[PDB]
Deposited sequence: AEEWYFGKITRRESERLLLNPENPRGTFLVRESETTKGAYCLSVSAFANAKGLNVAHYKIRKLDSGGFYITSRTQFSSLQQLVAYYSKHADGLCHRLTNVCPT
């Protein structure tokens, strides 16, 4: 649950790590958002896309309202099976 979580890393640095030529499409990491407090961000790779992971006041997370999760790990497991709206399916955890 920690592997793909890079925490407080900048958007610029997440793009720099994801854009490594060794990383296949679908390489990703989850991080804290720099513009929206309380929310996270899923960065996936070749270009990088950034998705805001919003948090409901009751608890859960979601990128789009039609697909909600109890946690970041439930969100990651879901998009690792189907991109379902994302640019690509989550395939690889970004190397440190």
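The deposited chain is incompletely modelled, with C-alpha atoms absent only over 46 to 52.
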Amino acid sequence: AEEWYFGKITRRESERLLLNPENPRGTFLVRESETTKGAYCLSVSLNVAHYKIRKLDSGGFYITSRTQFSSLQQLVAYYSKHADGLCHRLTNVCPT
From here on, numbers count along this sequence of modelled residues.
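Remark: stretch with higher mean C-alpha B factor among 78 to 86 and 20 to 28 is 20 to 28.
According to the PDB record, 36 to 44 carries the higher mean C-alpha B-factor of the two stretches 62 to 70 and 36 to 44.
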